[PDB]
Amino acid sequence: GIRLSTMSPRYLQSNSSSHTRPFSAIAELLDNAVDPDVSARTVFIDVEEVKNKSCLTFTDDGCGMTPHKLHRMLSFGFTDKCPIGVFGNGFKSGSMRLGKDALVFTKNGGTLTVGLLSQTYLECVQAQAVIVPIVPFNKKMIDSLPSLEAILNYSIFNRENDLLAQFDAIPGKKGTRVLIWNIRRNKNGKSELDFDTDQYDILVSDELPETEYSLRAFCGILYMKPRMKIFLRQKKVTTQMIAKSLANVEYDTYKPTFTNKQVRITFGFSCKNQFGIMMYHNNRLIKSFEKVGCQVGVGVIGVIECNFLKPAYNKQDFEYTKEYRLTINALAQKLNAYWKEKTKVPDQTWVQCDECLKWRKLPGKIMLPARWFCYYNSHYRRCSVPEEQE
Ligand SMILES: Nc1ncnc2c1ncn2[C@@H]1O[C@H](COP(=O)(O)OP(=O)(O)NP(=O)(O)O)[C@@H](O)[C@H]1O
Ligand SMILES: [Mg+2]
Ligand SMILES: [Zn+2]
């Protein structure tokens with residue numbers, strides 16, 4: 029009837045500017061593997077060399093997607109959503131922020147579907163609109185025929201057997217695998233992300262917290278209570294409950310002016326030197344190590366989850382409202398009170429079971448073990466007992 033609002037392929041480049049830091053795009057991808065619909069048990073971040081080209085790999089063993097839902101994924105604004119995703123843009127901004135081209139393999143226990151979000155493909159054919167090739171799969178193919189030809193002719197996978205074997209890189213029968221190539225290179229010529237300095241870490245070519266340049270430490274605190282396992286370059290990331298790993302822990306509260314829900318704030322001391332305020336939102340870290348009050358008070362960390370706020374388009378900050386300024390003022394005042402109240421090893425030690433993903437409180441020390452199971456506890462010794470009261 030009426031002509032639709034088209035979208036230029038340049039928009040894929042434009043949208044990539046949503047994230048000012050690449051760890052935020054990577055966080056977008058991890059947030060998509062952890063949301064309750066998918067609820068992946070494990071995600072794998074790695075760098076793989078394909079066709080003499082560096083590729084970022086994000087492989088989760090989650091629910092998987094249908095060919096229809098994969099198109100919805102590669103489309104804008106489509107989301108069936116305390117999940118983290120709200121916009122229906124996270125992947126389209128994050129993957130493009132990481133590289134020019136992205137492939138998404140997904141299997142949901144019966145269908146093998148491939149999707150391509152590549153600006154290189156769109157610029158080679160000089161398309162005027164955004165074209166997204168998608169192919170579903175016995176492994177017999179199922183509309184998808186020109187998509188498969190475009191993928192074989194313009195992506196990094198030229199042979200059909202290699203394209204299908206990429207599904208075997210999912211550690212289960214259901215899961216998703218994102219593969220981003222043509223990564224962002226900064227002005228000095230090198231790649232923005234560092235793969236060679238630390239074989240078990242992805243760094244940034246940079260006082261400044263180690264979370265700002267170390268992807269391992271960033272993933273360690275990306276979530277307020279981790280439930281999903283993260284493997285950075287085949288090595289498990291020892292995540293932590295940033296609130297429970299503090300010493301001399303005291304508590305405070307904050308009431309938003311537009312509701313009657315008390316929000317708990319946890320104040321403590323860091324055990325390894329760096330510090331500030333951890334502002335979360337639906338378990339996701341939005342603002343990290345924000346100095347408030349007498350910190351501009359060394360070593361004190363305050364944890365707060367602000368579900369009464371709403372993050373920005375990139376989930377790196379919040380909307381600048383009266384509630385936000387009031388929350389920061391309150392945090393500064395209460396942190397000053399906490400530090401005034403005081404004039420090592422954490423008060424509690426918590427470990428996540430490797431097979432079980434629950435957090436158990438141990439009477440021990442804190446770094447933390449790589450693999451640990453409920454069966455190894457000192458009494461809660463079985464993986465069938467739920468978490469503690471917390
Ligand atoms: N790794 C994944 N595994 C399974 N399903 C996924 C995955 N990534 C995306 N999806 C699905 O595809 C949709 C695309 O989401 P996306 O465009 O990234 O934004 P969103 O997750 O909907 N919310 P937002 O991140 O704020 O934009 C998701 O809502 C899921 O339904
Ligand atoms: Mg998303
Ligand atoms: Zn367990």
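For reference, each letter of the sequence shown is one residue, going 29 to 109, 116 to 171, 175 to 179, 183 to 246, 260 to 326, 329 to 351, 358 to 404, 420 to 442, 446 to 458, 461 to 471 in the entry's author numbering.
Positions of the beta carbon are idealized from the N, C-alpha and C atoms, including for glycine.
Exposure of residue 161, with buried meaning 16 or more beta-carbon neighbours within 10 Å:
By 1-based counting over the sequence shown, the position of residue 161 is 127. Exposed: under 16 other Cβ atoms inside 10 Å.
Provide the residue span of the alpha helix (DSSP H) that contains residue 38, from first to last.
Your numbering for residue 38 matches position 10 in the sequence shown. Looking at the DSSP string, the run of the alpha helix (DSSP H) that includes residue 38 is 38–44.
What do you reckon, are the CB atoms on residue 471 and residue 434 nearer than 8 Å?
Residue numbering aside, residue 471 sits at position 390 when the sequence shown is read from its first letter. Residue numbering aside, residue 434 sits at position 358 when the sequence shown is read from its first letter. Against a cut-off of 8 Å, the Cβ pair of residue 434 and residue 471 comes out as no contact.
For residue 84 and residue 71, believed in contact at Cβ under 8 Å, the rounded distance:
Residue mapping note: residue 71 aligns to position 43 of the sequence shown, counting from 1. Residue mapping note: residue 84 aligns to position 56 of the sequence shown, counting from 1. Not confirmed; about 12 Å, so no contact.
Shorter than 7 Å, the distance from the beta carbon of residue 125 to the closest heavy atom of ligand 2, or not?
Position 91 of the sequence shown, counting from 1, holds the residue named residue 125. It does: the Cβ of residue 125 is within 7 Å (strictly closer) of some heavy atom of ligand 2.
Any heavy atom of ligand 2 closer than 7 Å to the beta-carbon of residue 59?
Counting from 1 along the sequence shown, the entry for residue 59 is found at position 31. Yes.
Report yes if the CB atom of residue 221 is closer than 8 Å to the CB atom of residue 81, and no otherwise.
Residue numbering aside, residue 221 sits at position 181 when the sequence shown is read from its first letter. Residue numbering aside, residue 81 sits at position 53 when the sequence shown is read from its first letter. Cβ atoms of residue 221 and residue 81: closer than 8 Å.
For residue 193, name the three-state secondary structure that DSSP assigns.
Within the sequence shown, the letter at position 153 stands for residue 193. Looking at residue 193 - three-state DSSP - the assignment turns out to be helix.
Residue 260 versus residue 359: straight-line alpha-carbon distance, rounded
By one-based count along the sequence shown, residue 260 stands at place 207. By one-based count along the sequence shown, residue 359 stands at place 298. Residue 260 and residue 359: Cα-Cα distance of roughly 12 Å.
Any heavy atom of ligand 2 closer than 7 Å to the Cβ of residue 119?
As a first step, residue 119 must be located in the sequence shown, where it is residue number 85. Yes, Cβ of residue 119 sits closer than 7 Å to a heavy atom of ligand 2.
Closest Cα partner of residue 257 within the set 297, 385, 351:
No atoms are given for residue 257, which sits in the stretch of the chain between 246 and 260 that the model skips.
Alpha carbon to alpha carbon, how far is residue 187 from residue 178?
Stepping through the sequence shown from its first residue, residue 187 is reached at position 147. Stepping through the sequence shown from its first residue, residue 178 is reached at position 141. Those two C-alpha atoms are separated by around 12 Å.
contact_flag[the stretch 299–317, the stretch 390–402] where n(CB pairs < 8 Å) is 3 or more:
yes
Mind checking residue 287: buried by the 16 CB within 10 Å criterion, or exposed?
Within the sequence shown, residue 287 is the residue found at index 234, counting from 1. That one is exposed.
Is DSSP giving residue 426 helix, strand or coil here?
Your numbering for residue 426 matches position 350 in the sequence shown. Note: residue 426 maps to strand in three-state DSSP.
Determine the burial state of residue 240: buried for a count of at least 16 other Cβ atoms within 10 Å of its Cβ, exposed for fewer.
The residue given as residue 240 occupies position 200 in the sequence shown. Looking at its Cβ environment, which holds fewer than 16 other Cβ atoms inside 10 Å, residue 240 is exposed.
Could you check if residue 468 belongs to the surroundings of ligand 3, using beta carbon to heavy atom distance under 7 Å?
Start at 1 with the first residue of the sequence shown, and residue 468 comes out as number 387. No, the Cβ of residue 468 stays beyond 7 Å of every heavy atom of ligand 3.
Do residue 374 and residue 46 have their C-beta atoms closer together than 8 Å?
Within the sequence shown, numbered from 1, the residue matching residue 374 stands at position 313. Within the sequence shown, numbered from 1, the residue matching residue 46 stands at position 18. In contact: residue 374 and residue 46 (Cβ atoms closer than 8 Å).
Straight-line Cα distance separating residue 245 from residue 217:
In the sequence shown, counting from the first residue as 1, residue 217 sits at position 177. In the sequence shown, counting from the first residue as 1, residue 245 sits at position 205. Cα-Cα distance, rounded: 27 Å.
Do you know offhand how far residue 95's Cα is from residue 442's?
Residue 95 sits at position 67 when you count from the first residue of the sequence shown. Residue 442 sits at position 366 when you count from the first residue of the sequence shown. Each residue's Cα considered, the two are about 45 Å apart.
Looking at the secondary structure, which residues open and close the alpha helix (DSSP H) in which residue 54 lies?
To locate residue 54, count along the sequence shown from 1; it is residue 26. Here the alpha helix (DSSP H) through residue 54 covers 50–62.
Roughly how many whole angstroms lie between the Cα atoms of residue 318 and residue 438?
Here the question's residue 318 lines up with position 265 in the sequence shown. Here the question's residue 438 lines up with position 362 in the sequence shown. Cα to Cα, the separation comes out at about 23 Å.
Keeping to the same chain, check which residues put their C-beta closer than 6 Å to that of residue 191; ignore five residues upstream and five downstream.
Within the sequence shown, numbered from 1, the residue matching residue 191 stands at position 151. Excluding positions up to five away in sequence, the list reads 150, 167.
Would you kindly work out how many angstroms separate the C-alpha atoms of residue 200 and residue 144, rounded to a whole number?
Taking the sequence shown and counting its residues from 1, one reaches residue 200 at position 160. Taking the sequence shown and counting its residues from 1, one reaches residue 144 at position 110. Between residue 200 and residue 144, the C-alpha separation is close to 19 Å.
Cβ-based burial, residue 159 [other Cβ within 10 Å; buried from 16]:
As a working note, residue 159 is residue 125 in the sequence shown. Flag for residue 159 reads exposed.
Collect the residues with a C-beta less than 5 Å away from any heavy atom of ligand 3 and give them in sequence order along the chain.
429, 432, 453, 464
Is residue 333 helix, strand or coil by DSSP?
Taking the first residue of the sequence shown as position 1, residue 333 is located at position 278. Residue 333 falls in the strand class under three-state DSSP.
contact_flag[the stretch 221–230, the stretch 269–285] where n(CB pairs < 8 Å) is 3 or more
no
Continuous alpha helix (DSSP H) stretch holding residue 133: start and end:
Locating residue 133 in the sequence shown gives position 99, counting from the first residue. Counting along the chain, residue 133 falls outside any alpha helix (DSSP H), though it belongs to the beta strand (DSSP E) covering 133–142.
Environment of residue 453 [buried if 16+ CB atoms lie within 10 Å]:
Within the sequence shown, residue 453 is the residue found at index 374, counting from 1. Buried, by the Cβ-count rule.
CA nearest to the CA of residue 285, picked from 377, 153, 74, 55:
By 1-based counting over the sequence shown, the position of residue 285 is 232. The residue with the shortest Cα to Cα distance from residue 285 is 74.
Please report the residue range of the alpha helix (DSSP H) in which residue 273 lies.
As a position in the sequence shown, residue 273 is number 220, starting the count at 1. Start and end: 268–274.
Count the other C-beta atoms from every protein chain shown that fall within 10 angstroms of the C-beta of residue 333, then say buried if there are 16 or more, exposed otherwise.
If you number the sequence shown from 1, residue 333 lands on position 278. The residue in question, residue 333, is buried, as its Cβ has 16 or more Cβ neighbours within 10 Å.
According to DSSP, is residue 366 helix, strand or coil?
On the sequence shown, residue 366 is found 305 positions in, with the first residue counted as 1. Correct three-state label for residue 366: strand.
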